[PDB]
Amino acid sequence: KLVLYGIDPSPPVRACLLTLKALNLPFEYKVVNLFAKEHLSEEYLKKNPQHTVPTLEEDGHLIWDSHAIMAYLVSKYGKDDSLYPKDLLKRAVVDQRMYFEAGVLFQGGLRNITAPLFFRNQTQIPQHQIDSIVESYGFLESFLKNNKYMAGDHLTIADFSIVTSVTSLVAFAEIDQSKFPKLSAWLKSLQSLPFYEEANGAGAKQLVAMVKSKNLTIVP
């Protein structure tokens, strides 16, 4: 019986949700309230010493990091390899896109703001940070230059990982459709998935709301 530990404002938890729904997998969900420091409990640290969400539990085994989890799920459960191609050159693109999300989008763009924001009430955001988010939208627009989805011609876990961060980063910088038409189209396409709302949309809305309620300032 799969168990996912998380809370839905979290982008990587949402990426796992997307992927479990895409694989038509049932699972138990255990909420870990980061705002009440539940991830810092002795019990949770034994599951995941990095004290992050998501964690996946399967027959006693604990796996963390959304990208590891997503790859594991497709590899283990996928009817075929559509969501995570076995072809090594294809896999290298999916992998690259996910490492891009981990580093550039999630740490560099999002957590770089949200950690001081919710922890230290740092409500002033330097323009150079917003510039970096917009630079990353540009990189995503480049990724899509000759492909319908982030890593090629079909939907993969790279799309799921990337969309979770993109739909959070828009709390700080909107995506200019005139600059980033492909990124814009791609997002609407992901938004069309039957499981999109339940896996990503719901949590994204709650995170965007939390951010908006903090009344941020961009400093030139």
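All residue numbers are counted from 1 along the displayed sequence.
Asker: Name the higher of the two by mean Cα B-factor in the PDB entry, 114-122 versus 82-90.
Answerer: The stretch with the larger average C-alpha B-factor is 114-122.
Asker: Determine, for stretches 208-216 and 18-26, which one has the higher mean CA B-factor as deposited.
Answerer: 208-216 has the higher mean C-alpha B-factor.
Asker: Out of 64, 186, 44, 160, which shows the largest CA B-factor listed in the entry?
Answerer: That would be 44, according to the entry.
Asker: Highest Cα B-factor in the PDB entry belongs to which of 34, 155, 193, 170?
Answerer: When the deposited C-alpha B-factors of 34, 155, 193, 170 are compared, 34 is largest.
Asker: Thinking about Cα B factors across the chain, which third does residue 96 belong to?
Answerer: It belongs to the lowest third of the chain when residues are ordered by C-alpha B-factor.
Asker: Taking the chain's C-alpha temperature factors as the reference, tell me which third residue 142 falls into: lowest, middle or highest.
Answerer: As the PDB entry reports it, the C-alpha B-factor of residue 142 lands in the middle third of its chain.
Asker: Taking the entry's C-alpha B-factors for this chain, is residue 48 in the lowest, middle or highest third?
Answerer: Highest third of the chain for residue 48's C-alpha B-factor.
Asker: Hey, what third does residue 133 fall into on Cα B-factor, ranked over its chain?
Answerer: CA B-factor rank for residue 133: middle third.
Asker: Residue 151's Cα B-factor: lowest, middle or highest third of the chain?
Answerer: As the PDB entry reports it, the C-alpha B-factor of residue 151 lands in the middle third of its chain.
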